[PDB]
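> Supplied in structure tokens, the structure appears directly below.
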Amino acid sequence: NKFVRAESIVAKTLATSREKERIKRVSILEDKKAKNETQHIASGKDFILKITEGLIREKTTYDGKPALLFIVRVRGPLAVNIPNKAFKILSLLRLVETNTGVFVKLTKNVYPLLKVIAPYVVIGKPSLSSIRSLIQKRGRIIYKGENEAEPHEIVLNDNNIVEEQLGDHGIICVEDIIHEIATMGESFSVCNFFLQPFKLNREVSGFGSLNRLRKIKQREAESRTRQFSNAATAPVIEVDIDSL
Amino acid sequence: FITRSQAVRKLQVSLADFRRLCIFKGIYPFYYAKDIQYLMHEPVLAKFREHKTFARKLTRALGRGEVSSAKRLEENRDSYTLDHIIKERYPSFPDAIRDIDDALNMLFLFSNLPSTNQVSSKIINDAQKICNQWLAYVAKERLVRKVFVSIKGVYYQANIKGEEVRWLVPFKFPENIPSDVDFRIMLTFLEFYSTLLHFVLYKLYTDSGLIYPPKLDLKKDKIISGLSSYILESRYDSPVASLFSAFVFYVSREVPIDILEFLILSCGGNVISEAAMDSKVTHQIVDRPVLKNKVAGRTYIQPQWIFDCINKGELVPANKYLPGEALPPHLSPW
Amino acid sequence: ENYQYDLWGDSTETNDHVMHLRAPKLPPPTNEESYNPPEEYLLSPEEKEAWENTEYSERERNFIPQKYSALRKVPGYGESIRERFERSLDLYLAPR
Amino acid sequence: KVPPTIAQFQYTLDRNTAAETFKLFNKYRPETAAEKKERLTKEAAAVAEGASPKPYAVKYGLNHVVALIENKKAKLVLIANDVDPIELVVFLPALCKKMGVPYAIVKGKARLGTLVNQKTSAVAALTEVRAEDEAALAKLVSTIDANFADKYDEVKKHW
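Residue numbers (PDB author numbering), protein chains in the order written: chain t, 53 to 105, 127 to 317; chain n, 15 to 43, 62 to 267, 352 to 394, 405 to 460; chain m, 304 to 399; chain G, 70 to 119, 125 to 233.
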């Protein structure tokens with residue numbers, strides 16, 4: 053209900069001007085890449101940057138191979154309001170909430186949409202322990218409560234709940250869900266919308282003495298370990314998810 | 015004797031910090065006069081005062097706007113150690129192993145916790161590291177006697193220097209944290225039990241076993257992050357420690373692995389998982415009503431057989447443990 | 304190198320020399336409440352609500368005894384943090 | 070009852086302008102005693118084994139400042155109202171008016187101290203400035219001359 057300062061209200065527009073123009077620019081080059089009308093554009097292919105840990130920036134081209142990614146929500150950049158093209162993709166991936174993860178497969182259709190949301194998300198190919206520990210530590214299931222209430226999201230406590238909701242697809246237990254998530258199979262689209270999103274805790278998680286300084290240290294570590302390319306030939310920044 | 019109020023006032027210390035010292039020192043209630069009167073001269077109390085000075089002198093730096101001096105205050109910061117606090121609490125090693133009963137119950141719970149704004153990830157990762165060190169040693173020198181799987185979790189019994197410790201491990205599912213519980217009391221218990229476990233594990237490894245601390249293989253921790261990872265280098353007496361020798365078990369996907377592979381490696385068997393993919407195998411452990419493959423080479427078991435073979439020690443017949451039939455009533459070892 | 308030295312060594316001295324050291328009593332060994340119990344332990348439907356009617360801490364079991372056919376069918380026990388927290392409180396707040 | 074040259078204070082700079090002043094001023098922090106020391110130990114490490127430009131930071135001693143106003147080195151001057159002896163500064167807003175040097179009474183004597191590594195300051199002034207912020211300064215100045223010098227032309231009068 054508070055008063056809104058003038059400086060903020062101009063800053064929001066001045067940042068969304070950059071974001072609307074940026075998203076339209078990436079939209080044009082990706083549309084012209086698919087239609088095979090590569091006559092006069094910047095680049096007609098796709099690079100992926102893999103930054104690891127003393128910070129080595131790799132430059133490797135994206136293969137046609139389907140890969141497994143774990144997209145993590147960030148909150149960035151500062152004054153930006155999300156446009157229509159961001160509302161759409163982040164609704165489809167169900168990542169409206171900050172500090173929230175999801176699994177998706179990466180193909181030649183998935184990769185153009187990844188460039189749009191790249192200032193809002195941090196991506197990367199996880200390992201078997203990252204997946205397995207994540208599911209056995211966090212997990213939600215939206216299903217009916219006692220008798221009347223529907224919107225209860227509780228916890229992956231049981232395996233008989235897994236039976237009742239999935240069952241006939243071949244899935245019986247939580248470890249079988251981990252199997253169809255780690256290895257790309259038939260039941261992946263079944264169980265991916267079953268664990269809807271994950272609820273990752275935020276970094277540092279406080280405003281105070283130690284926590285402000287630790288947030289300062291990490292906030293300056295952000296712009297080093299992540300860059301906003303803003304160009305239509307933006308290389309997709311992949312980071313270590315085992316470390317994250 | 016003295017009242018709580020009179021103890022707090024005499025120490026000139028906050029109630030929280032009075033209770034923190036009370037947790038560390040092992041003091042319990062009316063308190064004993066000579067007990068509080070003995071707490072007064074102690075390095076930990078002085079270090080709590082030093083933390084309070086540091087707290088304001090940091091917010092002085094932060095509140096002004098200077099960041100470099102605040103970052104420098106972190107560098108010039110020492111912390112309280114709970115080293116000498118155990119020598120006066122558990123002077124002998126067999127006395128510390130009499131406490132490790134309650135110590136390993138907190139620590140194995142705190143491994144199976146999602147990190148919140150109450151409890152940082154560093155806290156849970158260090159606790160899980162100690163848990164994995166404990167599991168690795170007990171599976172190394174072969175010191176298990178009894179197992180008991182309950183609704184609550186899975187109980188173990190272990191002759192650690194011949195005094196039978198008991199400890200509980202919960203099931204590897206997400207745990208619903210209530211807002212009712214106080215994660216400031218439990219953090220100090222963790223803080224005391226953690227250091228206690230570091231010193232116990234150094235004593236155990238450097239006496240009879242191995243180098244401390246052992247390393248961990250990075251691409252093994254990427255696969256399991258459990259017990260088949262974390263390789264440990266060096267430089352029997354009980355029937356349970358002689359069981360499962362020259363047996364190779366193929367643990368399937370369906371069963372929990374980390375609660376079961378500990379037991380196989382402890383007794384003398386070998387583990388190949390379904391999970392690791394994502405020969406010599408003589409038994410398969412499967413929990414499905416319909417089993418698919420059915421080869422002539424393997425023997426098919428529901429894990430209850432392992433949970434009875436450890437308790438008896440005499441290798442119970444697998445005729446009452448086939449996949450698809452109802453298990454025997456599973457009695458406690460107590 | 305943190306906490307990487309032996310502190311006990313050749314340590315024979317016991318702390319139970321003054322009669323005022325009340326040893327913290329290791330909790331009672333678990334008696335017949337497993338994931339697969341003999342189903343006479345499985346509680347009658349009347350006492351399922353009567354147990355829930357009784358006030359906490361003046362109660363024989365902190366749990367309902369339950370039967371499970373499979374080991375995969377064993378739920379994650381929700382009231383587990385509550386049990387360790389209450390034991391922790393029992394150590395430094397309950398008079399010995 | 071207040072004589073006009075006293076409580077030429079209390080009619081300080083407004084909220085939005087004030088923050089923007091510090092927006093500029095916190096850019097021109099003097100090095101801290103810790104920082105200065107490490108810098109030189111960095112030099113000693115280097116210069117014991119194997125060029126620099128003059129560094130802009132704001133100016134902060136009452137002396138140093140009263141030197142700087144009247145010598146034209148000063149561009150902007152910040153003067154805190156609440157001071158133990160008020161007399162220690164009462165002349166200062168007039169001196170500046172007379173040398174035509176842009177000045178603003180800021181609120182919070184401690185608030186000046188922030189921008190300068192000290193407990194208080196009474197007065198700080200930005201003499202010389204970086205190339206990029208040169209424009210930022212001269213505009214701020216104008217902003218100050220509007221909302222402070224022109225707004226309070228009657229600060230020299232009225233009790």
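Quick reminder that beta carbons are idealized off the backbone N, C-alpha and C, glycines included.
#1: Report yes if the CB atom of n/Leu-259 is closer than 9 Å to the CB atom of n/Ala-190, and no otherwise.
#2: Which same chain residues end up closer than 8 Å to n/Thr-238 when comparing Cβ atoms and leaving out the 5 residues on each side of it in sequence?
#3: Quick check on the burial criterion: 16 or more other C-beta atoms within 10 angstroms. Buried or exposed for n/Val-416?
#4: Cβ closer than 8 Å: which chain m residues qualify as neighbours of n/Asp-115?
#5: Using the rule of at least 16 other Cβ atoms within 10 Å of the residue's Cβ for burial, across every protein chain shown, is G/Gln-79 buried or exposed?
#6: Any Cβ of chain n within less than 9 Å of the Cβ of m/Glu-335?
#7: Taking any Cβ of chain t, which residues in the segment 241-257 of chain n have a Cβ under 8 Å from it, in chain order?
#8: So which residues on chain B does m/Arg-385 lean against when the C-beta distance must stay under 8 Å?
#9: Exposed or buried, G/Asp-156, counting other C-beta atoms within 10 Å across all chains shown (16 or more means buried)?
#10: At 8 Å on the CB atoms, spell out the chain n contacts of m/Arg-399, in chain order.
#11: Is there a Cβ of chain m sitting closer than 9 Å to that of t/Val-263, yes or no?
#12: For a contact defined as C-beta to C-beta under 7 Å, what are the partners of n/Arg-104 on chain G?
#13: With contact counted as at least three CB pairs below 8 Å, one residue from each stretch, are the segment 184-203 of chain t and the segment 162-175 of chain t in contact?
#14: Measuring alpha carbon to alpha carbon, tell me which residue in n/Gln-26, n/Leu-379, n/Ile-373 and n/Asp-214 is nearest n/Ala-357.
#15: Decide yes or no for the touch test of the segment 142-157 of chain G against the segment 165-178 of chain G: beta carbon pairs closer than 8 Å, at least 3 of them.
#16: Taking the DSSP output, what are the residues bridged to n/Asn-386?
#17: Just to confirm the assignment, what range does the alpha helix (DSSP H) spanning m/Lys-376 have?
#18: Reducing DSSP to helix, strand and coil, say where n/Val-22 ends up.
#19: Could you give the first and the last residue of the continuous alpha helix (DSSP H) run that contains m/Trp-311?
#20: List the residues of chain t that m/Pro-327 touches, going by C-beta distances under 7 Å, in chain order.
#21: Within the same chain, show all residues whose beta-carbon is closer than 6 Å to that of t/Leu-273, passing over the 5 residues directly before and after it, in chain order.
#22: Can n/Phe-38 and n/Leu-139 be called in contact, C-beta distance under 9 Å?
#23: Taking Cβ positions only, does t/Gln-238 come closer than 9 Å to chain n?
#24: Quick one: Cα of m/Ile-367 to Cα of m/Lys-351, how far?
#25: Could you spell out the range, first to last residue, of the alpha helix (DSSP H) harbouring t/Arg-146?
#26: Secondary structure at n/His-409, three-state DSSP: helix, strand or coil?
#27: On the criterion of 16 or more Cβ atoms from any shown chain inside 10 Å, does m/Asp-319 qualify as buried, or is it exposed?
#28: Write down every uninterrupted run of the alpha helix (DSSP H) in the segment 316-392 of chain m whose length is 4 residues or greater and which is fully enclosed by it, in chain order.
#29: Going by other Cβ atoms of all chains shown within 10 Å of its Cβ, with 16 needed for buried, is n/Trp-166 buried or exposed?
#30: Using the beta-carbon of each residue, which ones in chain t are nearer than 8 Å to residue 303 of chain m?
#31: Does chain t have any CB closer than 9 Å to the CB of n/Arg-369?
#32: Give a yes or no on whether the minimum CB-CB distance between n/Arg-96 and chain G is below 9 Å.
#33: Taking Cβ-Cβ distances below 7 Å as the criterion, which residues of the segment 198-227 of chain t are in contact with chain n?
#34: So what does DSSP say about G/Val-132, is it helix, strand or coil?
#35: Counting only beta-carbon separations shorter than 9 Å, does n/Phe-142 have a partner in chain t?
#36: Taking C-beta pairs closer than 8 Å, name the residues in chain n that G/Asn-95 reaches, listed in chain order.
With the structure as the only source:
#1: Here residue 259 of chain n is taken as the residue at index 227 of the second sequence, counted from 1. Here residue 190 of chain n is taken as the residue at index 158 of the second sequence, counted from 1. Not a contact, by the Cβ cut-off of 9 Å.
#2: Numbered from 1 along the second sequence, position 206 holds the residue referred to as residue 238 of chain n. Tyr-244.
#3: As a working mapping, residue 416 of chain n is identified with position 290 in the second sequence. Exposed.
#4: The residue given as residue 115 of chain n occupies position 83 in the second sequence. What n/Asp-115 touches in chain m: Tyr-306 and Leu-310.
#5: On the fourth sequence, position 10 is the one that residue 79 of chain G refers to. The C-beta of G/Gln-79 has fewer than 16 other C-beta atoms within 10 Å across all chains shown, which makes the residue exposed.
#6: Counting from 1 along the third sequence, the entry for residue 335 of chain m is found at position 32. In terms of beta-carbon proximity, m/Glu-335 lines the interface with chain n, with at least one pair separated by less than 9 Å.
#7: In summary, the residues of the segment 241-257 of chain n whose CB is separated from some CB of chain t by less than 8 Å are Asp-253, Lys-254, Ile-255, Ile-256 and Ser-257, in the order they occur in the chain.
#8: This model lacks chain B altogether; the protein chains it does include are t, n, m and G.
#9: Residue numbering aside, residue 156 of chain G sits at position 82 when the fourth sequence is read from its first letter. Its Cβ having fewer than 16 others within 10 Å, G/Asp-156 is exposed.
#10: Position 96 of the third sequence, counted from the first residue, corresponds to residue 399 of chain m. Those are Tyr-42 and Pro-43, listed as they occur along chain n.
#11: Counting from one through the first sequence, the residue named residue 263 of chain t turns up at place 190. No - not a single Cβ of chain m is within 9 Å of the one on t/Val-263.
#12: Here the question's residue 104 of chain n lines up with position 72 in the second sequence. Neighbours of n/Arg-104 in chain G, taken as residues at a C-beta separation under 7 Å, are given in chain order as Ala-103.
#13: The answer is yes - the segment 162-175 of chain t touches the segment 184-203 of chain t, with three or more Cβ pairs under 8 Å.
#14: The residue you call residue 357 of chain n lines up with position 241 of the second sequence. Among n/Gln-26, n/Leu-379, n/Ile-373 and n/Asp-214, the Cα nearest to that of n/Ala-357 is on n/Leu-379.
#15: Proximity of the segment 142-157 of chain G to the segment 165-178 of chain G meets the contact definition, three or more beta-carbon pairs being nearer than 8 Å.
#16: For this step, residue 386 of chain n is matched to residue 270 along the second sequence. Beta-bridge pairing links n/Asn-386 to n/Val-364.
#17: Along the third sequence, read from residue 1 onward, the residue named residue 376 of chain m stands at position 73. Where m/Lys-376 is concerned, there is no enclosing alpha helix (DSSP H), given that its DSSP letter is neither H nor E.
#18: Within the second sequence, the letter at position 8 stands for residue 22 of chain n. In this structure, n/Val-22 counts as helix in the three-state DSSP scheme.
#19: For the purposes of this step, residue 311 of chain m is identified with residue 8 of the third sequence, where counting begins at 1. Taken as a continuous stretch (DSSP letters only), m/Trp-311 belongs to no alpha helix (DSSP H), as it is neither H nor E.
#20: Walking along the third sequence from the start, residue 327 of chain m turns up at place 24. The premise fails here: m/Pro-327 is roughly 31 Å from chain t at the closest Cβ pair, so nothing lies under 7 Å.
#21: Here residue 273 of chain t refers to the residue found at position 200 when the first sequence is read from its first residue. Sequence-distant Cβ neighbours of t/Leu-273 in its own chain, meaning closer than 6 Å and more than five residues away, are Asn-172 and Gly-174.
#22: In the second sequence, counting from the first residue as 1, residue 38 of chain n sits at position 24. In the second sequence, counting from the first residue as 1, residue 139 of chain n sits at position 107. No, the pair does not count as a contact, with Cβ atoms beyond the cut-off.
#23: Residue 238 of chain t sits at position 165 when you count from the first residue of the first sequence. Under the 9 Å criterion on CB atoms, t/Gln-238 is classed as non-interfacial with respect to chain n.
#24: Translated into positions along the third sequence, residue 367 of chain m becomes position 64. Translated into positions along the third sequence, residue 351 of chain m becomes position 48. In a straight line, the C-alpha of m/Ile-367 is about 8 Å away from that of m/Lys-351.
#25: For the purposes of this step, residue 146 of chain t is taken as the residue at position 73 of the first sequence. Boundaries for t/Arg-146: no alpha helix (DSSP H) harbours it, while the beta strand (DSSP E) harbouring it runs 140-146, taken from the DSSP string.
#26: By one-based count along the second sequence, residue 409 of chain n stands at place 283. In the structure shown, n/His-409 falls within a strand segment according to DSSP collapsed to helix, strand and coil.
#27: Here residue 319 of chain m refers to the residue found at position 16 of the third sequence. Label assigned to m/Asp-319: exposed.
#28: Here the runs fully enclosed are 350-356.
#29: Counting from one through the second sequence, the residue named residue 166 of chain n turns up at place 134. Buried.
#30: Outside the shown range of chain m (304 to 399) lies residue 303 of chain m, about which nothing can therefore be said.
#31: Start at 1 with the first residue of the second sequence, and residue 369 of chain n comes out as number 253. Yes, because at least one Cβ of chain t sits closer than 9 Å to the Cβ of n/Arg-369.
#32: Indexing the second sequence from 1 puts residue 96 of chain n at position 64. Taking Cβ atoms only, chain G reaches closer than 9 Å to n/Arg-96, which makes this a yes.
#33: Flagged, chain order: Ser-200, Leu-201, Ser-202, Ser-206, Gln-209, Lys-210, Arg-211 and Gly-212.
#34: Residue numbering aside, residue 132 of chain G sits at position 58 when the fourth sequence is read from its first letter. If DSSP states are grouped into helix, strand and coil, G/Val-132 belongs with coil.
#35: Residue numbering aside, residue 142 of chain n sits at position 110 when the second sequence is read from its first letter. Not one chain t Cβ lies under 9 Å of n/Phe-142.
#36: Position 26 of the fourth sequence, counting from 1, holds the residue named residue 95 of chain G. Under the 8 Å cutoff, chain n gives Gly-97.
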